[PDB]
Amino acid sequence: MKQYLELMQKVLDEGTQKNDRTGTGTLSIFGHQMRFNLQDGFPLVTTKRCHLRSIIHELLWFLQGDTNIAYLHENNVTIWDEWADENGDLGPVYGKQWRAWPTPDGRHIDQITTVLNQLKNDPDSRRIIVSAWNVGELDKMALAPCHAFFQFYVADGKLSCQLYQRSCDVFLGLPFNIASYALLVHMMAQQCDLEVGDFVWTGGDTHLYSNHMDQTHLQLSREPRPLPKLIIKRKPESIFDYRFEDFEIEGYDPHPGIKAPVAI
């Protein structure tokens, strides 16, 4: 995608060298923002093939409030194997905070349902927010959230969303994260009878790992293809009733895939 490739070249041109938690070494820029008008098409990178199956199953996984990789395994998705423990648990990550953020006084807040109610009865609210950044449970998480905070907004019957990603593996993570949220927006929109608007991505520590430099130049030498189309064949009773088959991506003809190591 143009925005994607332009970001890559931005890291290579202004990035500074930094060591990191994984001892892998990176090229890093701090603070960036890009927009995707969802009506121009589904933002799934084409300069290299992406695995839809993984992207979609991970989202339904989050929405169910699951934090164990069993479900993912049942559907052949292994993107979260490296961090799960003996029992498949990852700790109170994304899914848990999204559906059951534990308050001090013994309550649990379902942020996803809260947002839906807000989009239907108070769409002008400047507080339609979902946060995975639960300071209290950060130490029980196998990995601190990367896409940590996001906000919805409405205008002219169009649903928009901004995500703040504090850490971003540009080559390996960004492609999945962008598609994942663009997908949520379509789901939210369809449930609230709104049209899709913009998906605004904002990054904190945006980087390219040292052992991703070749792959990066390879991909950066290719011409972006036309964006695919997302077709939802059904309208479930609730945001929690979507299934893998309700989705259908049309016109996805991407360049060849490129492989790279996953910094653990």
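The first residue of the shown sequence is 1; numbering continues from there.
Enquirer: Looking only at CA atoms, which has the higher mean B factor in the entry: 164-172 or 75-83?
Expert: Stretch with the higher mean C-alpha B-factor: 75-83.
Enquirer: Should the higher mean CA B-factor in the entry be assigned to 254-262 or to 3-11?
Expert: Looking at the record's C-alpha B-factors, the answer is 254-262.
Enquirer: Which one, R35, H207, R49, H57, has the peak C-alpha temperature factor per the PDB entry?
Expert: Going by the entry's C-alpha B-factors, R49 comes out highest.
Enquirer: If you compare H186, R107, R126, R99, which has the highest Cα B-factor in the entry?
Expert: Comparing C-alpha B-factors across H186, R107, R126, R99, the top value belongs to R107.
Enquirer: Quick check for you: using the entry's CA B-factors within this chain, is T103 in the lowest, middle or highest third?
Expert: CA B-factor rank for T103: highest third.
Enquirer: Within this chain's modelled residues, let me know which third the CA B factor of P43 belongs to: lowest, middle or highest.
Expert: Middle third - that is where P43 ends up once the chain's C-alpha B-factors are sorted.
Enquirer: Rank-wise, by C-alpha B-factor, drop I231 into the lowest, middle or highest third of its chain.
Expert: Middle third.
Enquirer: Please say which third, lowest, middle or highest, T26 falls into when its CA temperature factor is compared across its chain.
Expert: As the PDB entry reports it, the C-alpha B-factor of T26 lands in the middle third of its chain.
Enquirer: Hey, what third does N211 fall into on Cα B-factor, ranked over its chain?
Expert: For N211, the deposited C-alpha B-factor lands in the highest third.
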